[PDB]
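**Q** My complex, part one, positions kept as in the full thing:
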Amino acid sequence: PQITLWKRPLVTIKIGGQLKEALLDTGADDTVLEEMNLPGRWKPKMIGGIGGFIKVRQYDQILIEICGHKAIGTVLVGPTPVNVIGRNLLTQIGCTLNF
């Protein structure tokens, strides 16, 4: 599909057996999701943006379905105000910017 940017580009995603809303975010290197109690091992990470850094948990090889398109890769979990789908998964669903 084609998504205009008059409003936030929120889409439904499926991860860890849950449905959530997340931003298709070309400005995010990585995917960062609201706190959720995923199983398995993880490693600590800090990521920075406007306002400074937050501590997150990095999970690898996570299955995630974005608007019907399947992907698998690294997801960071922590106290983010918003779920963001980053470039690491946007590439996997064939997402481009166009103007």
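**A** Perfect, thanks for sending it. Residues are numbered from 1 along each chain as shown, chains lettered A, B, ... in the order given.

**Q** Give me the buried stretch members for stretch A:87-95, please.
**A** A:88-90, A:92-93, A:95 (16 or more other Cβ atoms under 10 Å). Heads up, the C-betas are built off the backbone N, CA and C, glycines and all.

**Q** Show me the residues you listed that map onto helices.
**A** A:88-90 (DSSP state H).

**Q** Out of those residues, flag the one nearest to residue A:13.
**A** residue A:89 (9.1 Å; Cβ to Cβ).

**Q** residues in contact with the closest one?
**A** A:31, A:64, A:66, A:71, A:73 (Cβ atoms under 8 Å, 6 or more residues apart in numbering).

**Q** now do residue A:6
**A** Applying Cβ under 8 Å, 6+ apart, no residues contact residue A:6.

**Q** Wasn't it part of a strand?
**A** No - counting by DSSP: H, G, I helix; E, B strand; the rest coil, one finds residue A:6 to be coil, located in no strand.

**Q** Let's have the contacts of residue A:89 in TSV, adding secondary structure.
**A** Shown next, in TSV, are those (three-state DSSP):
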residue	secondary structure
A:31	strand
A:64	strand
A:66	strand
A:71	strand
A:73	strand
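
**Q** Could you identify which of these has the most neighbours?
**A** residue A:31 (27 neighbours; other Cβ atoms under 10 Å).

**Q** who does it bridge with?
**A** residue A:75 (DSSP bridges).

**Q** And it, how close does it get to residue A:84?
**A** According to Cβ to Cβ, to the nearest Å, residue A:31 stands 7 Å off from residue A:84.

**Q** ok, now chain B:
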Amino acid sequence: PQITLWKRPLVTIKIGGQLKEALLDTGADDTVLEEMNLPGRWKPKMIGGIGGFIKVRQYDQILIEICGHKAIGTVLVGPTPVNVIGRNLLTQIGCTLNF
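**A** One more chain to add, chain B, which I have set with the ones above:
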């Protein structure tokens, strides 16, 4: 152009007659540039990101050319980690997401 997302979508912009590099950021409502001198009046404002809130100077109705496309809109100037072009200007240049 069509921009893939294996790398950061960095483009050259022109603002205040000066060239800069900036990130096309669909997860940003607003455009936030690193500290710089701009002509005209401004007003102090706050904006929040993943790590908290920062103080910025708001410049309204600023001419800015993004990868050869012209926009006129609000630009926030302050201690952002990188220059980001947000939806307020991405809409003006006709930018959409496509997958």
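
**Q** mind redoing the contacts of residue A:6 now chain B's in there?
**A** Taking Cβ atoms under 8 Å, 6 or more residues apart in numbering or on different chains, we find residue A:6 in contact with B:87, B:91.

**Q** Let me see the contact set for the closest residue to chain B within chain A.
**A** Closest residue of chain A to chain B, Cβ to the nearest Cβ: residue A:50 (2.6 Å). Under the criterion of Cβ under 8 Å, 6+ apart, the neighbours of residue A:50 are B:32, B:47-52, B:54, B:80-81.

**Q** And residue A:96, by the same measure?
**A** Residue A:96 neighbours (Cβ under 8 Å, 6+ apart): B:2-5, B:97-99.

**Q** Pull up the residues of chain A that are close to chain B.
**A** A:1-6, A:8-9, A:23-29, A:32, A:47-54, A:67, A:69, A:80-82, A:84, A:87, A:90-91, A:93-99 (Cβ under 8 Å from any Cβ of the partner chain).

**Q** one step back: can you tell me which of the contacts of residue A:50 end up in strands?
**A** Using DSSP state E, the subset of the contacts of residue A:50 located in strands is B:32, B:47-49, B:52, B:54.

**Q** Narrow the residues of chain A next to chain B to just the buried residues.
**A** A:3, A:5, A:9, A:23-28, A:32, A:47, A:49-51, A:54, A:67, A:69, A:80, A:82, A:84, A:87, A:90-91, A:93, A:95-97, A:99 (16 or more other Cβ atoms under 10 Å in any protein chain shown).

**Q** before we move on, the earlier item: next, format the ones in strands among the contacts of residue A:50 as a markdown table and append distance to chain A.
**A** Listed next are the ones in strands among the contacts of residue A:50 as a markdown table, based on distance: Cβ to the nearest Cβ, whole Å:
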| residue | distance to chain A |
| --- | --- |
| B:32 | 7 |
| B:47 | 7 |
| B:48 | 6 |
| B:49 | 3 |
| B:52 | 3 |
| B:54 | 6 |
